[PDB]
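This report refers to the structure that appears directly beneath it.
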Amino acid sequence: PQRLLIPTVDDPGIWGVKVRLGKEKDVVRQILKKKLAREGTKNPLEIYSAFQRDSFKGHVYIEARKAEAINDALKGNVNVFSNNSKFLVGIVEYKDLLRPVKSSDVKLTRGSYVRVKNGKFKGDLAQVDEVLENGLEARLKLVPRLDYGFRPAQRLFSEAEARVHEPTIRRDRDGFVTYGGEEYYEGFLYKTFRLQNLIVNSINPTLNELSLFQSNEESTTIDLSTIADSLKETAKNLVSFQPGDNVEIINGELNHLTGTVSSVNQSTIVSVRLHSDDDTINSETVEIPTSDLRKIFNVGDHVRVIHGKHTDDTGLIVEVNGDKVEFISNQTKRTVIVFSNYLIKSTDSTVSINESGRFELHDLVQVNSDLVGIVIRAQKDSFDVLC
Amino acid sequence: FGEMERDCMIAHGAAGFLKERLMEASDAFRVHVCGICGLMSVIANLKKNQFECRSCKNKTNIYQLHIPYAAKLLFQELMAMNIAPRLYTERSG
Amino acid sequence: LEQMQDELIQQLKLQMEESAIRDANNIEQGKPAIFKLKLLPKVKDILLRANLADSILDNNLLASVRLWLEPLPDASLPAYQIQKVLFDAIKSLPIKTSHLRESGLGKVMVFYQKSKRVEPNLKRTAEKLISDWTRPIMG
Amino acid sequence: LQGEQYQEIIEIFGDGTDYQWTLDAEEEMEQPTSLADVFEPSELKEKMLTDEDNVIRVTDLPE
Amino acid sequence: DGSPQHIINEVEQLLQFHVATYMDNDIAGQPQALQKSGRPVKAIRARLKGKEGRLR
Amino acid sequence: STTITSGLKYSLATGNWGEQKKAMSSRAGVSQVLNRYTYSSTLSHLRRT
Amino acid sequence: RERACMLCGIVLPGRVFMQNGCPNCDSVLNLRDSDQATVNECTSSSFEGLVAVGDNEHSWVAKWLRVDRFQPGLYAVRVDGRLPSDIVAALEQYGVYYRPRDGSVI
Amino acid sequence: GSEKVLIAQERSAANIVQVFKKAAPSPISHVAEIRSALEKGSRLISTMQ
Amino acid sequence: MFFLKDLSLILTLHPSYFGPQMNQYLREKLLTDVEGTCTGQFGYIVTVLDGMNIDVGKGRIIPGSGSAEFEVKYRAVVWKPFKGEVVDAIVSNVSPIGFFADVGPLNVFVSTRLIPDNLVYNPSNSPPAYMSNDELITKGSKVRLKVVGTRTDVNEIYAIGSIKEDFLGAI
Amino acid sequence: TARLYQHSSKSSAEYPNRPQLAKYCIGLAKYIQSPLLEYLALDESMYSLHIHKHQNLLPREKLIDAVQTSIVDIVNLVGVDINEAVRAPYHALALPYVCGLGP
Amino acid sequence: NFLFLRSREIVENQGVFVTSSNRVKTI
Amino acid sequence: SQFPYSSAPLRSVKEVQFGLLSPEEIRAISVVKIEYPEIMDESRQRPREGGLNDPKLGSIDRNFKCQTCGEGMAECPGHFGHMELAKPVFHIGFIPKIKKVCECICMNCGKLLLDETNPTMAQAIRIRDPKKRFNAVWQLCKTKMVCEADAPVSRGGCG
Ligand SMILES: [Zn+2]
Ligand SMILES: [Zn+2]
Ligand SMILES: [Zn+2]
Ligand SMILES: [Zn+2]
């Protein structure tokens with residue numbers, strides 16, 4: 001079993017000792033060697049076990065029963081500091097000192113789409129065709145970046161252009177081509193990459209790369225499970241709240257209730273005052289987790305886009321189609337439909353156009369071959385010119 | 001123009017000369033303060049002619065002041081230590 | 001004195017059970033649970049009083065505490081304020097094995113520990129409390 | 001441990017079946033394609049992935 | 001990741017020390033925060049006091 | 001060989017009589033730049049306590 | 001170069017595992033009588049939490065790590081990689097249940 | 001390249017008994033002080049009161 | 001909606017105008033600088049009542065700049081639209097994205113998404129209009145609309161109207 | 001077309017390590033090689049070219065329709081190779097303007 | 001011959017208005 | 001006249017109101033959240049956004065304009081950013097006052113240990129100056145070493 005093995009009062013104690021950084025495993029090996037050497041002698045090292053954890057830097061934990069045993073184990077070592085920096089580990093901490101880590105995900109799944117940390121395809125989305133059993137590397141499906149004779153743009157490996165620019169192409173199978181030492185399978189590069197070269201979480205996909213990857217599958221973006229999970233992650237993480245926001249509750253006993261955010265504490269507890277026909281209920285403040293709150297957007301409110309192609313665009317709400325909200329823009333003066341997850345009720349725009357485009361305000365520019373004008377107002381997407 | 005010279009100028013009663021010495025002949029600066037929160041948090045863009053205090057969400061009740069740059073620095077350092085000095089242009093009693 | 005406190009705690013127990021029943025019916029009637037929130041301040045004030053812990057354990061109010069902590073049949077968890085207040089009260093009182101046997105709160109504690117909609121801080125506190133309550137049994 | 005106090009521990013803490021069905025319902029509700037939700041409608045219209053697009057492509061008429 | 005209370009206490013006490021010395025580096029009863037050159041850190045409080053401070 | 005060399009050179013160059021990393025609390029002004037304005041000034045500087 | 005035997009959790013050099021095999025798991029793994037692929041599938045060089053055990057019988061840690069019936073030595077709290085399905089079935093044939101030490105299973 | 005001069009530093013002699021009268025706001029009225037220094041090296045070692 | 005409000009203005013006068021005609025000059029300066037302006041807080045100031053008998057008080061000399069500062073208090077007629085208000089209008093332009101109407105000095109834009117569906121935009125009609133079987137709204141046509149949202153600018157106000165509810169549309 | 005190409009991000013993606021004057025010269029060379037394809041590469045900025053003295057008097061929709069009709073007529077008078085269009089998108093810019101076809 | 005005059009009094013187009021150089025005099 | 005024209009009216013300070021900054025106000029007046037310890041992005045100019053040298057905080061270079069206000073170096077006053085703390089910490093300047101406040105109130109019910117029933121307490125509350133009022137209230141409530149769940153009738157205490 002696993003539950004029954006939890007420690008008791010009569011179990012051997014655990015001590016932690018500060019040591020010099022980077023020598024923890026060395027101290028562990030020295031302790032084991034000393035225990036083995038003195039095992040079977042008149043004065044054996046009266047300890048039971050010793051270990052360390054990578055996260056808990058500078059600490060080595062020994063399971064024993066006596067402080068003299070700890071002193072004897074540490075006697076004759078140079079990594080131990082001058083002072084006896086030893087402490088008694090609390091019995092409750094015994095389970096935590098040996099609990100595992102990095103259990104967020106079971107494994108890297110073959111066929112999943114991931115981003116590359118570094119290399120020539122730094123940041124390019126890649127499909128995990130193969131996961132090596134070692135777990136340190138994995139073979140991936142990528143879009144080649146070649147010039148055929150500062151990196152070239154990603155493009156499917158073209159055998160005809162490659163032969164024209166380099167007639168030394170190799171062939172090993174049908175559809176599997178090796179050019180310049182790189183193996184391209186049906187126009188897609190297949191190359192092993194280390195685990196330290198990949199981002200397996202918070203992956204941001206683009207429909208352009210998705211289409212370029214799924215075109216060979218005879219269907220545009222047939223696989224959408226991992227994409228749906230990424231959508232859920234993006235929707236959940238992008239939500240940020242402020243006092244005074246009108247929100248609705250999705251779960252809990254208070255489901256389908258409206259309220260206004262009164263105060264914000266940390267990023268997971270939000271104090272909300274609820275609104276209802278009963279006056280005595282409207283005078284109560286409730287702290288509610290943010291994971292069960294949805295923003296309420298009323299028609300005719302100034303709202304600013306948080307994230308997306310229309311970032312920093314503002315307008316007035318016109319149509320509320322549930323998840324997707326429609327609003328008339330201020331700069332383009334046209335209706336734009338964006339999800340309610342990307343909107344914040346900002347009563348004032350005050351948009352700054354700096355660090356965008358080539359021209360600033362009051363710039364005398366040439367409209368065309370005949371018309372010359374000056375800039376009166378700048379936008380995130382266009383400019384206004386008086387000729 | 002140390003403190004003893006300032007005391008001598010006070011004794012003479014010349015307030016205009018003292019103000020000119022410590023502002024025009026030295027670090028003079030212009031800031032904008034919100035008429036509500038009283039803090040120097042107004043995001044003023046002079047060329048576009050728009051002023052805005054995000055905390056109070058107002059665009060109108062905004063004034064400008066002429067203060068020594070060292071005073072602005074002192075108030076910002078006070079705000080860095082969670083102390084909020086609020087400057088108001090009207091008395092209340 | 002102590003008997004008056006026991007009577008008051010029994011009245012609180014009856015009020016808590018009635019409020020739980022009313023909130024369950026209201027949820028079954030398409031209305032939010034409000035009675036538990038209404039009774040929460042008085043329950044919090046009573047529980048925060050340390051000298052009444054002995055009378056609480058005499059009257060086995062932990063049974064009603066578990067009843068409030070028990071998720072309703074609609075698979076909806078109780079309000080976060082109720083869970084937080086009850087966890088704080090459980091920490092604040094010297095719960096023994098006999099009291100757990102009378103109330104049977106260990107089942108709900110294990111459910112909270114295993115569940116994932118529960119707040120991770122509440123998850124850690126539930127693990128800590130379960131370990132503390134298993135401590136006397138094994139030694 | 002010892003059997004009788006193991007039974008006592010079971011009595012105090014339960015086997016979980018009193019709320020195993022609650023846990024199963026929670027996990028069922030935790031688990032759940034429409035391209036409208038995947039990307040912004042403006043981007044979809046730019047990339048030509050809407051119902052008007054399929055109707056135009058299917059239709060036997062010059063655009 | 002993982003919560004040994006001793007480690008948590010040590011790291012949170014380090015954070016408290018850094019925040020405190022960022023605003024006042026003359027706290028009597030404990031050593032001052034030092035730079036890599038060995039000089040004490042010029043906290044914000046030291047900026048405002050003395051003849052060479054902000055006010056004077 | 002750098003230890004003694006740098007220590008002696010630093011203490012003689014800056015006047016702080018101690019280790020470099022313990023500049024505070026060390027006796028300062030022990031070593032000074034020789035005054036060469038006139039011969040008498042140099043002679044006076046070389047016999048100063 | 002050191003690798004952690006997945007089954008028992010011991011950590012020894014990979015060449016030691018190849019030349020001599022696991023002193024504890026040889027009754028069910030035959031690591032010495034196994035090729036490099038099987039050695040990798042049962043001994044992994046990617047691990048965490050070096051553990052030195054002196055007395056298996058009385059060490060509560062050894063019982064907690066289920067290594068109180070093995071040879072004292074270098075052990076790893078967490079080992080990257082799991083036993084293969086075929087090796088899992090082979091061990092289940094012997095009647096021995098395999099509990100992963102990867103931490104993802106608990 | 002700069003000419004540095006070592007300024008002689010004045011200090012109280014060692015190995016001599018100094019008797020001092022402490023001020024009134026103290027339980028101590030008189031103090032006998034001595035600082036010790038080995039002949040070889042003439043370095044301060046310890047002080048006694 | 002029109003209102004009467006007591007407003008105040010700060011007027012700075014250059015020393016070159018320190019003459020006997022100072023008061024009247026301040027009056028015309030106030031009239032030129034207030035009549036017709038648009039402030040988001042108040043709306044539109046259309047006229048100032050008793051424009052030739054406004055008290056100006058005593059001006060204070062600004063130390064270090066010589067110019068005098070005057071505090072002028074006056075009563076003026078002000079118009080400001082409100083959210084959720086139904087007012088009369090005259091259509092000024094017809095466009096596929098919607099039609100623009102005028103409510104006094106304010107120009108209101110109504111999008112197609114706030115127009116009843118039966119009022120299909122007809123570009124072939126002369127002039128082009130949003131017409132139904134029994135309704136035809138074109139340039140110069142009286143319309144009754146409800147203001148839903150108002151946008152505040154530097155010295156301008158942008159309002160959005162709707163005719164999708166009852167007793168709205170053509171009148 | 002060269003002036004507009006030296007500022008277009010299409011050139012930057014095509015030539016990430018080249019100066020702006022190099023992009024301008026490349027645009028000039030491509031215009032000499034094939035004016036029609038360069039005029040197609042303008043996409044939306046082609047509508048801002050000085051086409052007629054009173055080009056701005058017409059409504060935007062009418063001017064856009066006139067440009068579309070002219071370019072469709074010219075490209076249909078020219079003809080488009082399907083194989084080369086598949087081989088290179090640059091030659092495929094002319095595909096949507098063929099009669100019967102569309103973007 | 002075109003000059004781009006800006007005045008703070010004028011509100012239209014942020015005070016920017018185009019006026020020919022032949023129709024203005026130096027102040 | 002050395003400052004560029006600004007349409008905001010020019011006035012002079014008449015009152016300085018002191019106080020503390022609420023976390024809500026700190027979050028409101030901030031323009032960016034500081035989270036990355038690296039000062040420089042990749043040591044290739046353009047300091048990392050979200051770091052301690054975010055361009056939104058203000059500009060100190062002649063050729064770089066502030067990304068928040070758009071003004072030059074001579075006009076940008078600087079804009080604040082905020083950093084979220086994982087665990088709350090003491091303000092070093094208020095620890096003695098925090099200790100005094102802890103001595104004045106109960107640590108469980110969060111209420112004063114004395115009430116207006118005491119004539120001395122009412123007399124102390126009658127005073128106007130906040131500092132002297134706090135001093136008197138502390139001098140009284142310091143001796144009271146136990147919270148009362150009942151009136152010295154329930155006074156709101158927890159006992
Ligand atoms: Zn403000
Ligand atoms: Zn083994
Ligand atoms: Zn700025
Ligand atoms: Zn109390």
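Residues in the structure tokens are named by chain (A, B, ... in the order shown) and by number from 1 within that chain; ligands are numbered from 1 in the order shown.
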Could you report the residues within 6 Å of ligand 4, using only C-alpha atoms and all ligand atoms, as JSON, numbers by chain? {"L": [106, 108, 109, 147, 157, 158, 159]}
All alpha helix (DSSP H) residues (DSSP, backbone) inside range 16-255 of chain A, as a PyMOL selection string: chain A and resi 24-38+67-74+93-97+159-165+207-214+225-237
Could you give me, as a PyMOL selection string, each residue of range 185-231 of chain A that DSSP assigns to strand (DSSP E or B) when run on this structure's backbone? chain A and resi 185+188-194+198-199
Write the residues of the selection above to a file with N, CA and C atoms, as a PDB file, in the first residue's frame.
ATOM      1  N   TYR A 185       9.797  14.245 -45.540  1.00  0.00           N
ATOM      2  CA  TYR A 185       8.791  13.231 -45.830  1.00  0.00           C
ATOM      3  C   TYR A 185       7.566  13.919 -46.417  1.00  0.00           C
ATOM      4  N   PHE A 188       7.440  17.642 -45.869  1.00  0.00           N
ATOM      5  CA  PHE A 188       7.583  18.109 -44.497  1.00  0.00           C
ATOM      6  C   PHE A 188       8.866  17.554 -43.900  1.00  0.00           C
ATOM      7  N   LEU A 189       9.631  18.420 -43.243  1.00  0.00           N
ATOM      8  CA  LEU A 189      10.849  17.984 -42.576  1.00  0.00           C
ATOM      9  C   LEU A 189      10.518  17.149 -41.346  1.00  0.00           C
ATOM     10  N   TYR A 190      11.268  16.065 -41.163  1.00  0.00           N
ATOM     11  CA  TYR A 190      11.181  15.230 -39.971  1.00  0.00           C
ATOM     12  C   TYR A 190      12.553  15.227 -39.310  1.00  0.00           C
ATOM     13  N   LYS A 191      12.665  15.909 -38.173  1.00  0.00           N
ATOM     14  CA  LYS A 191      13.935  16.056 -37.478  1.00  0.00           C
ATOM     15  C   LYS A 191      13.720  15.909 -35.981  1.00  0.00           C
ATOM     16  N   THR A 192      14.608  15.159 -35.336  1.00  0.00           N
ATOM     17  CA  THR A 192      14.555  14.996 -33.891  1.00  0.00           C
ATOM     18  C   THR A 192      15.020  16.269 -33.199  1.00  0.00           C
ATOM     19  N   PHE A 193      14.301  16.653 -32.147  1.00  0.00           N
ATOM     20  CA  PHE A 193      14.641  17.833 -31.366  1.00  0.00           C
ATOM     21  C   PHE A 193      14.605  17.478 -29.888  1.00  0.00           C
ATOM     22  N   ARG A 194      15.486  18.106 -29.118  1.00  0.00           N
ATOM     23  CA  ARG A 194      15.581  17.823 -27.696  1.00  0.00           C
ATOM     24  C   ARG A 194      14.371  18.381 -26.949  1.00  0.00           C
ATOM     25  N   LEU A 198      11.554  22.625 -26.812  1.00  0.00           N
ATOM     26  CA  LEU A 198      10.123  22.617 -27.080  1.00  0.00           C
ATOM     27  C   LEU A 198       9.343  23.265 -25.946  1.00  0.00           C
ATOM     28  N   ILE A 199       8.235  23.901 -26.315  1.00  0.00           N
ATOM     29  CA  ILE A 199       7.247  24.408 -25.370  1.00  0.00           C
ATOM     30  C   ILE A 199       5.991  23.569 -25.555  1.00  0.00           C
TER      31      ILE A 199
END
So that I can check the surroundings of residue 99 in chain I, please list as a PyMOL selection string every protein, DNA and RNA residue that reaches within 7 Å of it, counting only C-alpha atoms and ignoring chain neighbours fewer than 4 positions away. chain I and resi 93-95+109-111
Written file, previous selection with C-alpha atoms, as a PDB file, in the first residue's frame:
ATOM      1  CA  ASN I  93     -27.649  60.924 -45.246  1.00  0.00           C
ATOM      2  CA  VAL I  94     -28.440  57.375 -46.363  1.00  0.00           C
ATOM      3  CA  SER I  95     -25.713  54.743 -46.644  1.00  0.00           C
ATOM      4  CA  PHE I 109     -25.562  57.558 -36.738  1.00  0.00           C
ATOM      5  CA  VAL I 110     -27.887  54.540 -36.751  1.00  0.00           C
ATOM      6  CA  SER I 111     -26.467  51.226 -37.932  1.00  0.00           C
TER       7      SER I 111
END
Environment of ligand 3 within 8 Å, counting only C-alpha atoms and all ligand atoms, reported as a ChimeraX atom specification: /B:43 /L:56-59,65-72,75-79
N, CA and C atoms of the current selection, written as a PDB file, in the first residue's frame:
ATOM      1  N   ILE B  43      -2.282  61.152 -17.512  1.00  0.00           N
ATOM      2  CA  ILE B  43      -1.525  60.807 -18.713  1.00  0.00           C
ATOM      3  C   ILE B  43      -1.867  61.875 -19.745  1.00  0.00           C
TER       4      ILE B  43
ATOM      5  N   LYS L  56       7.066  51.688 -21.379  1.00  0.00           N
ATOM      6  CA  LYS L  56       5.845  52.369 -20.967  1.00  0.00           C
ATOM      7  C   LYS L  56       6.045  53.159 -19.681  1.00  0.00           C
ATOM      8  N   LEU L  57       7.049  52.801 -18.879  1.00  0.00           N
ATOM      9  CA  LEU L  57       7.298  53.516 -17.635  1.00  0.00           C
ATOM     10  C   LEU L  57       7.760  54.945 -17.868  1.00  0.00           C
ATOM     11  N   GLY L  58       8.278  55.252 -19.049  1.00  0.00           N
ATOM     12  CA  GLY L  58       8.802  56.571 -19.319  1.00  0.00           C
ATOM     13  C   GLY L  58      10.081  56.504 -20.121  1.00  0.00           C
ATOM     14  N   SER L  59      10.535  57.643 -20.629  1.00  0.00           N
ATOM     15  CA  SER L  59      11.723  57.706 -21.467  1.00  0.00           C
ATOM     16  C   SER L  59      12.751  58.634 -20.845  1.00  0.00           C
ATOM     17  N   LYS L  65      10.715  58.510 -27.456  1.00  0.00           N
ATOM     18  CA  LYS L  65       9.537  59.098 -26.845  1.00  0.00           C
ATOM     19  C   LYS L  65       8.836  58.067 -25.971  1.00  0.00           C
ATOM     20  N   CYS L  66       8.175  58.552 -24.924  1.00  0.00           N
ATOM     21  CA  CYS L  66       7.449  57.664 -24.027  1.00  0.00           C
ATOM     22  C   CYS L  66       6.305  56.994 -24.770  1.00  0.00           C
ATOM     23  N   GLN L  67       6.141  55.692 -24.550  1.00  0.00           N
ATOM     24  CA  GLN L  67       5.080  54.955 -25.218  1.00  0.00           C
ATOM     25  C   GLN L  67       3.721  55.142 -24.565  1.00  0.00           C
ATOM     26  N   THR L  68       3.655  55.805 -23.414  1.00  0.00           N
ATOM     27  CA  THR L  68       2.395  56.017 -22.715  1.00  0.00           C
ATOM     28  C   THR L  68       1.804  57.394 -22.983  1.00  0.00           C
ATOM     29  N   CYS L  69       2.587  58.454 -22.793  1.00  0.00           N
ATOM     30  CA  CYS L  69       2.106  59.805 -23.033  1.00  0.00           C
ATOM     31  C   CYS L  69       2.531  60.365 -24.380  1.00  0.00           C
ATOM     32  N   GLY L  70       3.581  59.823 -24.986  1.00  0.00           N
ATOM     33  CA  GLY L  70       4.049  60.309 -26.263  1.00  0.00           C
ATOM     34  C   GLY L  70       4.886  61.565 -26.201  1.00  0.00           C
ATOM     35  N   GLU L  71       5.161  62.083 -25.010  1.00  0.00           N
ATOM     36  CA  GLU L  71       5.952  63.290 -24.858  1.00  0.00           C
ATOM     37  C   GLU L  71       7.439  62.957 -24.870  1.00  0.00           C
ATOM     38  N   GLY L  72       8.254  63.995 -25.024  1.00  0.00           N
ATOM     39  CA  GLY L  72       9.689  63.831 -25.038  1.00  0.00           C
ATOM     40  C   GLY L  72      10.260  63.675 -23.647  1.00  0.00           C
ATOM     41  N   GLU L  75       9.538  66.479 -21.123  1.00  0.00           N
ATOM     42  CA  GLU L  75       8.161  66.677 -20.694  1.00  0.00           C
ATOM     43  C   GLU L  75       7.553  65.472 -19.995  1.00  0.00           C
ATOM     44  N   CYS L  76       8.072  64.278 -20.222  1.00  0.00           N
ATOM     45  CA  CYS L  76       7.497  63.092 -19.603  1.00  0.00           C
ATOM     46  C   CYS L  76       7.802  63.084 -18.113  1.00  0.00           C
ATOM     47  N   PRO L  77       6.795  63.019 -17.241  1.00  0.00           N
ATOM     48  CA  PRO L  77       7.068  62.984 -15.802  1.00  0.00           C
ATOM     49  C   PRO L  77       7.407  61.606 -15.276  1.00  0.00           C
ATOM     50  N   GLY L  78       7.248  60.567 -16.076  1.00  0.00           N
ATOM     51  CA  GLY L  78       7.402  59.215 -15.575  1.00  0.00           C
ATOM     52  C   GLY L  78       6.084  58.641 -15.103  1.00  0.00           C
ATOM     53  N   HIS L  79       5.894  57.357 -15.376  1.00  0.00           N
ATOM     54  CA  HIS L  79       4.655  56.672 -15.047  1.00  0.00           C
ATOM     55  C   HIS L  79       4.970  55.432 -14.229  1.00  0.00           C
TER      56      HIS L  79
END
Need to verify the contact set: range 28-38 of chain B, 9 Å, only C-alpha atoms, exclusion of same-chain residues closer than 3 positions in sequence. Can you return it as a ChimeraX atom specification? /B:22-25,41-44,51-53,55-56,58-70,72,85-89 /L:3,8,16-17,75,77
How about saving the chosen residues, N, CA and C atoms kept, as a compact mmCIF listing (two decimals), in the first residue's frame?
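part31.txt written:
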# COMPACT_ATOMS: atom_id res chain seq x y z
N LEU B 22 14.25 80.24 -6.86
CA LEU B 22 14.08 78.81 -6.66
C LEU B 22 13.28 78.13 -7.76
N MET B 23 12.66 78.87 -8.67
CA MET B 23 11.93 78.24 -9.77
C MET B 23 12.49 78.58 -11.14
N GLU B 24 12.53 79.86 -11.51
CA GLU B 24 12.92 80.20 -12.88
C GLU B 24 14.42 80.04 -13.09
N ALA B 25 15.23 80.44 -12.11
CA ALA B 25 16.67 80.30 -12.19
C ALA B 25 17.15 78.92 -11.78
N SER B 41 -1.02 61.47 -11.65
CA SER B 41 -1.18 60.29 -12.49
C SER B 41 -1.86 60.60 -13.81
N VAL B 42 -2.05 61.87 -14.13
CA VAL B 42 -2.69 62.23 -15.38
C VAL B 42 -1.76 61.89 -16.54
N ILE B 43 -2.28 61.15 -17.51
CA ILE B 43 -1.53 60.81 -18.71
C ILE B 43 -1.87 61.87 -19.74
N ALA B 44 -1.04 62.91 -19.79
CA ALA B 44 -1.30 64.08 -20.62
C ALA B 44 -0.55 63.95 -21.93
N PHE B 51 -6.31 64.70 -22.06
CA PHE B 51 -5.84 64.38 -20.72
C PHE B 51 -6.77 63.36 -20.11
N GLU B 52 -6.22 62.48 -19.27
CA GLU B 52 -7.01 61.35 -18.80
C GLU B 52 -6.36 60.74 -17.57
N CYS B 53 -7.13 60.61 -16.49
CA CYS B 53 -6.70 59.94 -15.27
C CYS B 53 -7.42 58.60 -15.21
N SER B 55 -7.32 56.09 -13.02
CA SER B 55 -7.85 55.65 -11.74
C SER B 55 -9.23 56.23 -11.48
N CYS B 56 -9.41 57.52 -11.75
CA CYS B 56 -10.68 58.18 -11.52
C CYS B 56 -11.58 58.19 -12.74
N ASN B 58 -11.71 60.13 -15.43
CA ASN B 58 -12.20 61.45 -15.80
C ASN B 58 -11.30 62.08 -16.85
N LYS B 59 -11.88 62.99 -17.62
CA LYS B 59 -11.18 63.67 -18.70
C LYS B 59 -11.23 65.18 -18.58
N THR B 60 -11.95 65.72 -17.60
CA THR B 60 -12.23 67.15 -17.53
C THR B 60 -11.58 67.82 -16.34
N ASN B 61 -11.82 67.32 -15.13
CA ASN B 61 -11.35 67.97 -13.91
C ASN B 61 -9.85 67.72 -13.76
N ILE B 62 -9.07 68.44 -14.56
CA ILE B 62 -7.62 68.28 -14.59
C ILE B 62 -6.98 69.65 -14.64
N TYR B 63 -5.98 69.88 -13.79
CA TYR B 63 -5.26 71.13 -13.72
C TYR B 63 -3.77 70.88 -13.92
N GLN B 64 -3.05 71.96 -14.23
CA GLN B 64 -1.60 71.91 -14.36
C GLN B 64 -0.96 72.82 -13.33
N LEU B 65 0.23 72.44 -12.88
CA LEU B 65 0.94 73.17 -11.85
C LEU B 65 2.36 73.45 -12.31
N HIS B 66 2.97 74.46 -11.72
CA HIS B 66 4.39 74.74 -11.90
C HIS B 66 5.08 74.50 -10.56
N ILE B 67 5.82 73.40 -10.47
CA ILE B 67 6.51 73.04 -9.24
C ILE B 67 7.96 72.73 -9.56
N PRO B 68 8.85 72.87 -8.57
CA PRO B 68 10.24 72.48 -8.80
C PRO B 68 10.33 71.00 -9.14
N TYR B 69 11.28 70.67 -10.01
CA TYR B 69 11.45 69.27 -10.37
C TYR B 69 11.82 68.43 -9.16
N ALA B 70 12.54 69.01 -8.21
CA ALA B 70 12.87 68.26 -7.00
C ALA B 70 11.63 67.93 -6.19
N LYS B 72 8.63 67.30 -7.54
CA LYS B 72 8.05 66.17 -8.26
C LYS B 72 8.78 64.89 -7.92
N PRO B 85 0.94 61.61 -1.31
CA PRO B 85 0.72 63.05 -1.13
C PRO B 85 -0.18 63.57 -2.24
N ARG B 86 -1.37 64.04 -1.86
CA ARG B 86 -2.36 64.52 -2.80
C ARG B 86 -2.39 66.04 -2.80
N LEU B 87 -2.22 66.63 -3.98
CA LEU B 87 -2.17 68.08 -4.13
C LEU B 87 -3.52 68.57 -4.63
N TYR B 88 -4.12 69.48 -3.88
CA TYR B 88 -5.43 70.03 -4.22
C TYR B 88 -5.32 71.54 -4.38
N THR B 89 -6.02 72.07 -5.37
CA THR B 89 -5.95 73.48 -5.69
C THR B 89 -7.05 74.30 -5.04
N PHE L 3 7.24 76.51 -21.32
CA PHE L 3 6.55 75.23 -21.42
C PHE L 3 5.60 75.23 -22.60
N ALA L 8 -5.12 72.67 -20.20
CA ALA L 8 -5.58 72.57 -18.82
C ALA L 8 -5.34 73.89 -18.09
N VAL L 16 -2.19 70.01 0.78
CA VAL L 16 -1.52 68.74 0.56
C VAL L 16 -2.12 67.74 1.53
N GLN L 17 -2.84 66.76 1.00
CA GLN L 17 -3.49 65.74 1.81
C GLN L 17 -2.64 64.48 1.79
N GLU L 75 9.54 66.48 -21.12
CA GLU L 75 8.16 66.68 -20.69
C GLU L 75 7.55 65.47 -19.99
N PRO L 77 6.79 63.02 -17.24
CA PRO L 77 7.07 62.98 -15.80
C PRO L 77 7.41 61.61 -15.28
Counting only C-alpha atoms and all ligand atoms, name the residues that have an atom within 8 Å of an atom of ligand 2; the answer should be given as JSON, numbers by chain. {"G": [5, 6, 7, 8, 9, 10, 22, 23, 24, 25, 26, 29, 42, 43]}
